[PDB]
file structure_9.cif (mmCIF, C-alpha atoms)
data_run
loop_
_atom_site.label_atom_id
_atom_site.label_comp_id
_atom_site.auth_asym_id
_atom_site.auth_seq_id
_atom_site.Cartn_x
_atom_site.Cartn_y
_atom_site.Cartn_z
CA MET G 26 44.85 27.53 54.78
CA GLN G 27 43.14 24.34 53.62
CA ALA G 28 44.18 22.76 50.33
CA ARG G 29 40.65 22.37 48.94
CA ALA G 30 39.92 26.03 49.63
CA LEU G 31 43.11 27.05 47.83
CA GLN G 32 42.40 24.68 44.93
CA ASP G 33 38.91 26.14 44.54
CA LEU G 34 40.42 29.63 44.64
CA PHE G 35 43.07 28.79 42.03
CA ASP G 36 40.52 27.05 39.80
CA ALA G 37 38.10 29.99 39.84
CA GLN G 38 40.90 32.53 39.30
CA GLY G 39 42.68 30.55 36.58
CA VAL G 40 45.89 30.16 38.59
CA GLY G 41 48.30 27.43 37.51
CA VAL G 42 50.48 27.26 40.62
CA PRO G 43 50.14 23.79 42.21
CA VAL G 44 48.45 24.08 45.60
CA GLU G 45 51.32 22.19 47.23
CA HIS G 46 53.76 24.77 45.85
CA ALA G 47 51.63 27.67 47.10
CA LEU G 48 51.51 26.17 50.60
CA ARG G 49 55.28 25.71 50.72
CA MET G 50 55.88 29.22 49.37
CA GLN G 51 53.46 30.67 51.93
CA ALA G 52 55.57 28.98 54.62
CA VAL G 53 58.66 30.81 53.37
CA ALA G 54 56.67 34.05 53.56
CA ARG G 55 55.90 33.20 57.19
CA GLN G 56 59.44 32.09 58.05
CA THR G 57 61.12 35.09 56.38
CA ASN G 58 58.35 37.51 57.48
CA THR G 59 58.22 38.79 53.90
CA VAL G 60 55.35 39.46 51.51
CA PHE G 61 56.10 38.54 47.90
CA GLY G 62 54.13 38.28 44.68
CA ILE G 63 54.56 36.07 41.62
CA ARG G 64 53.67 36.88 38.00
CA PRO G 65 50.84 34.91 36.32
CA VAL G 66 51.22 31.14 36.03
CA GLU G 67 48.70 29.78 33.54
CA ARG G 68 46.89 26.52 34.20
CA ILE G 69 48.17 25.24 30.83
CA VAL G 70 51.64 24.74 32.38
CA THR G 71 50.52 23.15 35.67
CA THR G 72 51.05 19.61 34.35
CA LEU G 73 54.50 20.50 33.00
CA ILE G 74 55.50 21.84 36.43
CA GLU G 75 54.21 18.75 38.23
CA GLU G 76 55.95 16.47 35.70
CA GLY G 77 59.30 18.02 36.68
CA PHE G 78 60.26 19.99 33.57
CA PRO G 79 62.87 22.72 34.13
CA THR G 80 61.97 26.37 33.68
CA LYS G 81 63.31 29.24 31.60
CA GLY G 82 65.60 31.94 32.93
CA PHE G 83 66.03 35.61 32.09
CA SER G 84 68.58 34.72 29.39
CA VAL G 85 65.94 32.65 27.54
CA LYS G 86 64.56 34.63 24.60
CA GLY G 87 61.44 33.82 22.62
CA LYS G 88 57.70 33.57 23.26
CA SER G 89 56.05 30.47 24.70
CA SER G 90 53.08 28.62 23.21
CA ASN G 91 49.48 28.59 24.44
CA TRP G 92 48.14 26.18 21.80
CA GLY G 93 48.87 22.81 20.25
CA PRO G 94 51.00 19.99 21.64
CA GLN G 95 53.78 22.57 22.05
CA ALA G 96 51.73 24.42 24.68
CA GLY G 97 53.79 25.50 27.68
CA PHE G 98 57.14 25.34 25.84
CA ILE G 99 59.19 27.75 23.72
CA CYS G 100 59.49 26.61 20.11
CA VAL G 101 62.64 27.27 18.10
CA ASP G 102 60.26 28.16 15.25
CA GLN G 103 58.32 31.10 16.69
CA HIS G 104 55.55 30.53 14.13
CA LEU G 105 54.31 27.93 16.66
CA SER G 106 54.32 30.34 19.62
CA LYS G 107 51.39 32.38 20.92
CA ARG G 108 52.53 35.10 18.49
CA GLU G 109 51.30 32.96 15.57
CA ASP G 110 48.95 35.88 14.85
CA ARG G 111 51.74 38.28 13.91
CA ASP G 112 53.22 39.05 10.50
CA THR G 113 56.44 37.87 8.85
CA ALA G 114 58.77 40.54 10.24
CA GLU G 115 57.80 40.06 13.90
CA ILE G 116 58.21 36.28 13.72
CA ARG G 117 61.61 36.51 12.01
CA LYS G 118 62.71 38.95 14.72
CA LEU G 119 61.47 36.48 17.34
CA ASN G 120 63.29 33.74 15.40
CA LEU G 121 66.51 35.78 15.25
CA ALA G 122 66.27 36.50 18.98
CA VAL G 123 65.82 32.78 19.63
CA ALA G 124 68.71 32.07 17.26
CA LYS G 125 70.79 34.79 18.94
CA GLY G 126 70.55 33.25 22.40
CA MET G 127 71.06 29.78 20.92
CA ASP G 128 74.56 30.89 19.84
CA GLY G 129 75.80 30.60 23.40
CA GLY G 130 75.57 28.69 26.64
CA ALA G 131 72.23 30.29 27.46
CA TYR G 132 70.02 27.43 26.26
CA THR G 133 69.84 24.62 23.71
CA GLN G 134 67.10 22.82 21.77
CA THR G 135 65.42 19.43 22.05
CA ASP G 136 62.63 17.38 20.53
CA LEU G 137 59.11 18.13 21.73
CA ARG G 138 58.16 15.07 23.79
CA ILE G 139 55.00 14.92 25.90
CA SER G 140 53.21 12.21 27.86
CA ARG G 141 49.86 10.50 27.35
CA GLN G 142 48.43 12.42 30.31
CA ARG G 143 49.61 15.73 28.84
CA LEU G 144 47.97 14.86 25.51
CA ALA G 145 44.67 13.94 27.18
CA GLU G 146 44.67 17.17 29.20
CA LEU G 147 45.32 19.33 26.13
CA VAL G 148 42.50 17.53 24.32
CA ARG G 149 40.10 17.82 27.26
CA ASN G 150 40.81 21.41 28.34
CA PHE G 151 42.89 23.34 25.78
CA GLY G 152 41.32 22.68 22.39
CA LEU G 153 43.67 20.00 21.06
CA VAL G 154 42.23 17.29 18.81
CA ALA G 155 43.85 13.85 18.85
CA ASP G 156 42.85 11.08 16.44
CA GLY G 157 43.92 7.45 16.60
CA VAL G 158 44.98 5.18 19.44
CA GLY G 159 48.11 3.39 20.58
CA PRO G 160 51.64 4.59 19.83
CA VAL G 161 50.81 6.79 16.80
CA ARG G 162 48.22 9.58 16.86
CA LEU G 163 47.33 12.46 14.54
CA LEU G 164 46.98 15.84 16.26
CA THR G 165 45.05 18.85 14.98
CA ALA G 166 45.44 22.25 16.65
CA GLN G 167 44.06 25.68 15.77
CA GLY G 168 46.48 28.59 16.01
CA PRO G 169 45.42 32.06 17.15
CA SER G 170 45.11 33.10 13.49
CA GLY G 171 42.47 30.40 13.01
CA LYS G 172 44.75 28.30 10.81
CA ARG G 173 44.84 24.63 11.80
CA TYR G 174 48.13 22.77 12.22
CA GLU G 175 48.64 19.01 12.03
CA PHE G 176 51.11 17.01 14.10
CA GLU G 177 52.09 13.37 14.41
CA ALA G 178 52.45 12.01 17.95
CA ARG G 179 54.81 9.02 17.87
CA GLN G 180 55.63 7.11 21.05
CA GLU G 181 59.35 6.67 21.73
CA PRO G 182 60.78 3.76 23.75
CA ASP G 183 60.63 5.61 27.09
CA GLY G 184 56.86 6.20 26.77
CA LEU G 185 56.80 9.84 25.69
CA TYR G 186 55.17 10.94 22.43
CA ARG G 187 57.61 12.66 20.09
CA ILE G 188 55.77 15.50 18.36
CA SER G 189 56.48 16.31 14.71
CA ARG G 190 54.62 18.43 12.19
CA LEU G 191 52.70 16.06 9.93
CA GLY G 192 54.71 14.71 7.02
CA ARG G 193 58.04 15.97 8.42
CA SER G 194 60.82 13.78 9.79
CA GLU G 195 62.19 16.36 12.23
CA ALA G 196 60.43 16.70 15.57
CA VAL G 197 59.20 20.08 16.77
CA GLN G 198 62.19 21.79 18.37
CA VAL G 199 61.73 23.48 21.75
CA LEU G 200 64.21 25.33 23.92
CA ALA G 201 65.92 23.08 26.46
CA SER G 202 67.91 23.48 29.65
CA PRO G 203 71.66 23.23 28.91
CA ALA G 204 72.18 21.35 32.19
CA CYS G 205 69.62 18.54 32.06
CA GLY G 206 68.71 18.67 28.36
CA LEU G 207 64.97 18.76 29.04
CA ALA G 208 62.51 21.23 27.55
CA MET G 209 61.91 24.33 29.67
CA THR G 210 58.48 25.59 30.72
CA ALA G 211 57.43 28.81 32.45
CA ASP G 212 59.09 29.89 35.69
CA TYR G 213 57.89 31.56 38.88
CA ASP G 214 58.71 35.24 38.35
CA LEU G 215 58.97 37.37 41.49
CA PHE G 216 57.70 40.86 40.71
CA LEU G 217 57.18 42.21 44.24
CA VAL G 218 59.16 41.61 47.44
CA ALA G 219 58.00 43.39 50.62
CA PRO G 220 60.01 42.46 53.73
CA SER G 221 58.83 43.39 57.21
CA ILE G 222 60.15 46.46 59.00
CA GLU G 223 59.55 44.84 62.40
CA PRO G 267 68.47 43.80 44.51
CA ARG G 268 68.32 41.93 47.84
CA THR G 269 66.21 39.00 46.67
CA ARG G 270 68.80 36.22 46.24
CA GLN G 271 68.20 34.95 49.78
CA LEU G 272 64.45 34.70 49.19
CA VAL G 273 64.98 33.02 45.80
CA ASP G 274 67.26 30.42 47.39
CA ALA G 275 64.83 29.88 50.28
CA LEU G 276 61.94 29.46 47.83
CA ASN G 277 63.84 27.00 45.63
CA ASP G 278 64.88 25.03 48.72
CA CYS G 279 61.32 24.71 50.04
CA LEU G 280 60.01 23.52 46.67
CA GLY G 281 62.73 20.86 46.44
CA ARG G 282 62.26 20.15 42.73
CA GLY G 283 65.90 19.07 42.48
CA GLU G 284 69.04 20.42 40.88
CA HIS G 285 68.56 22.38 37.63
CA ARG G 286 64.77 22.24 38.12
CA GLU G 287 64.36 25.51 40.01
CA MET G 288 61.20 27.56 39.63
CA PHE G 289 62.88 30.84 40.64
CA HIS G 290 65.92 32.26 38.86
CA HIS G 291 68.38 34.95 39.92
CA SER G 292 67.50 37.98 37.79
CA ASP G 304 50.98 40.36 31.64
CA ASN G 305 51.31 41.06 35.37
CA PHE G 306 47.89 39.74 36.47
CA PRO G 307 46.38 37.52 37.73
CA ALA G 308 49.22 37.41 40.26
CA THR G 309 49.47 35.29 43.40
CA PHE G 310 50.71 36.83 46.64
CA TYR G 311 52.11 35.09 49.71
CA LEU G 312 51.75 36.69 53.12
CA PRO G 313 53.15 35.67 56.53
CA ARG G 314 49.60 35.96 57.88
CA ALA G 315 46.14 37.02 56.77
CA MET G 316 46.00 40.83 56.74
CA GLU G 317 43.05 43.21 57.06
CA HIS G 318 42.78 46.89 56.17
CA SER G 324 37.41 46.75 55.46
CA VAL G 325 38.95 44.20 53.10
CA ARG G 326 41.05 41.16 54.01
CA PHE G 327 43.80 39.32 52.12
CA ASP G 328 44.49 35.72 53.11
CA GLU G 329 47.89 34.07 53.51
CA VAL G 330 47.60 33.05 49.85
CA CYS G 331 45.61 35.41 47.64
CA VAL G 332 45.11 36.24 43.97
CA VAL G 333 45.17 39.80 42.62
CA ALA G 334 43.22 39.82 39.37
CA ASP G 335 44.03 43.32 38.05
CA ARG G 336 45.77 46.61 38.79
CA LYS G 337 42.95 47.85 41.03
CA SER G 338 43.21 44.81 43.32
CA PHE G 339 46.98 45.32 43.32
CA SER G 340 46.58 48.94 44.44
CA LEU G 341 44.43 47.83 47.38
CA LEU G 342 46.88 45.06 48.31
CA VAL G 343 49.81 47.51 48.25
CA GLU G 344 48.01 49.79 50.71
CA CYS G 345 47.25 46.77 52.90
CA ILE G 346 50.84 45.52 53.15
CA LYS G 347 52.19 49.05 53.68
CA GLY G 348 49.58 49.61 56.38
CA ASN G 349 50.75 46.43 58.14
CA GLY G 350 54.39 47.54 58.18
CA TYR G 351 55.77 45.95 54.99
CA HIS G 352 57.95 48.12 52.75
CA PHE G 353 58.86 47.60 49.10
CA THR G 354 60.52 49.90 46.55
CA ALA G 355 60.76 48.75 42.93
#

call {"tool": "encode", "arguments": {"input": "structure_9.cif", "output": "structure tokens"}}
result
Amino acid sequence: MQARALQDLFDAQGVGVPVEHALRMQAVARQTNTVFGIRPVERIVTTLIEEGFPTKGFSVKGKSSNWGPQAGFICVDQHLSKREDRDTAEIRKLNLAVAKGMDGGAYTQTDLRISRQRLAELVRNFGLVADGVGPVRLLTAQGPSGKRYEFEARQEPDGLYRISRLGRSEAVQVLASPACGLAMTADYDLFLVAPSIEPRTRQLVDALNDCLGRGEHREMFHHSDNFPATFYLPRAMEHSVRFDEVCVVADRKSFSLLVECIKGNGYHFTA
């Protein structure tokens, strides 16, 4: 499967998995003779994945952000998450849940720090406004409630822009990996595993993390809303519709047809 074909597919479907990752994960599907599907990966986290940020595990509580400079991360203050629409009680419950997991070795917190390229991408594609030049910039972002939030972007000595709410001294706090101390982005979540006939998923998770080779404590898969999902097949399958070695299932109806296709080709799954 050619890279430009898969990039065009992912661009049209709104899939955030890097094409290189999809090709390596399709190889594992071929080598293990196993069909598997991954939960949605938004394009707003593609840069964070390619920049090497670690990913959240099942023990990470709290909702991520789809707006502002905090997009793709999980803020300690859930008022900056994608649930910025919700009322006081739901945010405080999300805050308590984030505070609950913080009281343990599950995860920690760190300053929101993003690169020039990340800032330019958020401005170009995801509705961020950035005023000024050089090491200090003023950011304006509109939350899902329509309220606009202001942030200062201040370059630190290693080249990243530390993000703080305007007028405040404390940077925006985001959940961080306890191992490497970096902010965590979204993971690759296996939601279907169909091995060939002709929780036993730890071997596939380890094989997938090995083929991606992101390095220690930077795994995409963890040992542990559904669409658009990406599926990875040992070979292109037909049943008259055809699913390619890498395919996108946009909704439940496409998923129902894919299930019948993999079962018809001798692949079993029971979840």

call {"tool": "residues_near_point", "arguments": {"input": "structure_9.cif", "point": "(48.3, 23.4, 49.4)", "cutoff": "9 Å", "atoms": "all atoms listed in the file", "output": "PyMOL selection string"}}
result
chain G and resi 26-32+43-49

call {"tool": "closest_residue", "arguments": {"input": "structure_9.cif", "among": "G:144, G:134, G:87, G:35", "to": "residue 118 (chain G)", "atoms": "all atoms listed in the file"}}
result
G:87

call {"tool": "closest_residue", "arguments": {"input": "structure_9.cif", "among": "G:348, G:203, G:184, G:169", "to": "residue 85 (chain G)", "atoms": "all atoms listed in the file"}}
result
G:203

call {"tool": "atom_distance", "arguments": {"input": "structure_9.cif", "atom1": "CA of residue 197 (chain G)", "atom2": "CA of residue 292 (chain G)"}}
result
28.8 Å

call {"tool": "atom_distance", "arguments": {"input": "structure_9.cif", "atom1": "CA of residue 137 (chain G)", "atom2": "CA of residue 306 (chain G)"}}
result
28.5 Å

call {"tool": "closest_residue", "arguments": {"input": "structure_9.cif", "among": "G:66, G:218, G:116, G:185", "to": "residue 142 (chain G)", "atoms": "all atoms listed in the file"}}
result
G:185

call {"tool": "closest_residue", "arguments": {"input": "structure_9.cif", "among": "G:338, G:324, G:305, G:271", "to": "residue 53 (chain G)", "atoms": "only C-alpha atoms"}}
result
G:271

call {"tool": "closest_residue", "arguments": {"input": "structure_9.cif", "among": "G:289, G:317, G:135, G:156", "to": "residue 206 (chain G)", "atoms": "only C-alpha atoms"}}
result
G:135
